[PDB]
Structures are given as structure tokens and as C-alpha cells.
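We begin with a single chain expressed as C-alpha cells, specifically the form deposited in one PDB entry.
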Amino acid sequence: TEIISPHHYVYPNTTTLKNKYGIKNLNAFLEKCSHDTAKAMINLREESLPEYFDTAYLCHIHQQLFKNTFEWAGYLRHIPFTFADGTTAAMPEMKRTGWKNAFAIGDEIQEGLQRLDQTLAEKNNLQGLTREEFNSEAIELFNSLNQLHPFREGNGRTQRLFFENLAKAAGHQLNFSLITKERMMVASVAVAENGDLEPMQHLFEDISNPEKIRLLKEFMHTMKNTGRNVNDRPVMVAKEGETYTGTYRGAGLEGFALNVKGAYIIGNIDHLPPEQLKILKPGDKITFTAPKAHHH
């Protein structure tokens, strides 16, 4: 023993992260872990928002969400951590294939977290800003905190609560729960692989704009009695300029859904002609252009 290694995060002869439950079975653990972190979220949302938004808080969120799951709850992945079993683990480098885009390695993690805290303190937690101004600044930090992959596990949950609170503090919304797993994967990869903010800006918009949030919430709530589920597919509210051709998938009170190349595009029921609403049966193949209004 006595050699720091990433392999010491997982039980020997497994790929299942060492946990407080003592559950070596991968699926058994994942179930237990999900249940507890679910409860932890409900409790965290109750607690006051902080004076400062910094890595101290990011770690607090992690510590609190995973106190019952991981021994290393509050700790970043570059800080070597000794388990009660005696072994010590650290993962300065996350690793991809050479042709893919890179996470921060070791010392880079802290240097980045410093800049994260730095720029936040300098901009008053992005407080006195408009949505467009805020989102623009918040996306930069979100992408930046994504490439640093601070924790060994649970980067997404704790990162998204962080920014959700950062927005509430700053007098805005970021309803991340509306975003499917698949959409986040796509928006993140876009930024990481291509350097493209198109989908991320789109993601933030739908999640921040009240009129669009109203639409997504409705779509997500109707995924209740069906015997189904939509994390595998990206769900989006049609961009103001863009035109979407796809099969019609019914309408609710405030919105309607299309199926464009697998993805679900949501439109405002008012942007359709009423004359058509009545006629449109499900699965009708419609080409819909959303309205746009530029200000100059």
C-alpha cells in the first residue's frame, strides 16, 4: 500500500465507487445513492443563499449532497484523500482519448477554481445585470467550471444547483430541472469539441425566459401518465427565427410539440393559426416557423 492512485476511489475488482453504504454492487449502490442525494437536494434548497458564491460554496453543496454517500464528500479530486480503509485516492487527470477535448489536470484544477472565485467576486455574483447580460456571463463560468471537473463524481448535480442559486441571488432564474440529460450532453459537447455556444445559449434561454419556462414545465408535467420518459431525447422551445419541419405531436393549453428528427420542439400555442389547431391531428407533418422581433 502507500501509493496515491485514482484506482483507490473504487472497490477492488469492481468499477463501483467506494461508499459509506458498503455496497459493492454497482446498481444497488446507484439506487441507494440516488435516493439519498434526492433527499439531500430537497433539504439544500431550503437553506439560505450565501453572501459569496465561490468554490467554498461549491464544495459545501457537494459535501451536503453526498455526506451520506462518500467519505470524500466535500473534497475536490486533486486533493489526495485517505479512506478509512487506509488507502488514499486522487484524480488530478480525468483522461479522454487524445483526439477528444481535455479536463483540467491536477494543479490546473485549483488555478481555475481561483479564477472562478476571482471573477465572481469582481462581478458581485453577477447581481446588477439583465438576463441577457447575466446569462452571457454565467455561461462563460458554467463552461469554465465544466472543463475543470472538480469532483470525482457528482459534478453535474452540484454545478447546476450552484448556478441555479447564483441566478436566484442575482435576481434571475435557471430552472435546470427542465433540461433533459441528453440536452446537457449535447450543449456541453458542442462547447468542448467545437467551441460552439449555440446550444448552450439556447439551453440557458429556455431555462431563464419565463415565457419559455412556462412551456417546458407543461411538457415535462404531461410526461406523467403515459408509461414513458424523455431524458434520451433533447426537448427545446423553438428559436425565434428558426423553422422546424417535423410530425405534429398534439397540443396542451399553452404549447404544442413537434417531432423534428427525433428531438421534441415546443411551440407557443398562440403562434399557430387557431383555424389550424382544430384541424391538426397528431402525426401530420408540419413546417413551423417561430416568430421573431429584433429591436435595433
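Between two forms, the rigid core is the largest collection of C-alphas that superpose within 1.5 Å. Residue numbers here begin at 1 and follow the sequence given.
Only in words, not in the display: the form deposited in another entry, which the text now covers.
In this overlay on the rigid core, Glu31 has a C-alpha that sits 2 Å or more away from its partner position between this form and the one not shown. For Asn125, a C-alpha deviation below 2 angstroms is recorded between this form and the one not shown after rigid-core alignment. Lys168 is not among the residues whose C-alpha shifts by 2 Å or more between this form and the one not shown once the rigid core is aligned; its shift stays under 2 Å. Closer approach of the C-alpha atoms of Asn143 and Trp99, by 3 angstroms or more, is seen in that other deposited form than in the present form.
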